[PDB]
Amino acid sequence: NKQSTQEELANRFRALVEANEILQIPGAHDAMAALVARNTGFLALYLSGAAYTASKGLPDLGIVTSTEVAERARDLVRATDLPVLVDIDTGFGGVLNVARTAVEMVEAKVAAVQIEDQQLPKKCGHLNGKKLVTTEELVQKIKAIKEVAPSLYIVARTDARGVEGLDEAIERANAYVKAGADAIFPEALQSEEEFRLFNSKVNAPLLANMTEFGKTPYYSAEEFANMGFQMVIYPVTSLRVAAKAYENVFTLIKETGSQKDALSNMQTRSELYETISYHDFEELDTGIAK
């Protein structure tokens, strides 16, 4: 095996960002999705809280632990040796929790983490809250990361556009950047002009969130690129299509008594053989044998 180090992975990720061509970053909720993405030719992967929790059959409500997220992230790197950006929500607690989350991700050889200014958890009764923490509140958290894990590329998410306003978001963004963030995820900017303007007023590479059925139209990556973005995520797609596929094949087996008609909708044992690199284990066992 020839795995990379975390510091190699973070720098490779940074390179990918600074690159002239836009970086597409697919969400992979598990190691199999991670392997397919790599084989499909993607150079970075995304672990979204949404897809992760949904995989475990849970709601995206911040009830998973940093330990759990760091282990699934392990699975991703262990499988692909690709830079992985991990959505760490708000750091799973305070400055100290954020500090430990940072170490655990470096241990998992995570290349980058995404932290947000959303205020969590939500007050009882108003669990559908939209309030954010103070700018300083995230600033300190970012400083905590830069302190304990300087080898970690930081993407900072802000939901300030839809709750406080455009210029408010720009102000928050530039603060997070000077605090140590290397890139900005501006949730739900509302137009072409807002994208270009935000890019113009903020001194950092920008991330675009291409999640389906959301507040963002289906622009191509090329479109995002000339509009001022240098990376784009497809966070939950892997789980959306998988869940659809369960439904269709389970329906079929229950209805018809057989999976006969869905054979074409399947990865073959041959494709599986090569995907999990079964061969490379064989050459290992025999090389040792002689």
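Throughout, we count residues from 1 along the sequence that is shown.
K.L.:
If you average the CA temperature factors over each stretch, which comes out higher, 195-203 or 115-123?
P.N.:
The stretch with the larger average C-alpha B-factor is 115-123.
K.L.:
Do the C-alpha atoms of 55-63 or of 242-250 have the higher average B factor in the entry?
P.N.:
Averaging CA B-factors over each stretch, the winner is 55-63.
K.L.:
Can you tell me which of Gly94, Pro186, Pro83, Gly165 has the maximum CA B-factor listed in the PDB entry?
P.N.:
The listed residue with the largest C-alpha B-factor is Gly94.
K.L.:
Sorting the chain's CA B-factors, does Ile25 end up in the lowest, middle or highest third?
P.N.:
CA B-factor rank for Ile25: lowest third.
K.L.:
Please say which third, lowest, middle or highest, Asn226 falls into when its CA temperature factor is compared across its chain.
P.N.:
Top third by C-alpha B-factor.
K.L.:
According to the PDB entry, is the CA B factor of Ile145 in the bottom, middle or top third of its chain, that is, lowest, middle or highest?
P.N.:
For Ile145, whose C-alpha B-factor we compare with every modelled residue in the chain, the answer is the middle third.
K.L.:
Hey, what third does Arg161 fall into on Cα B-factor, ranked over its chain?
P.N.:
CA B-factor rank for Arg161: lowest third.
K.L.:
Which third of the chain does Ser220 land in by C-alpha B-factor: lowest, middle or highest?
P.N.:
Middle third by C-alpha B-factor.
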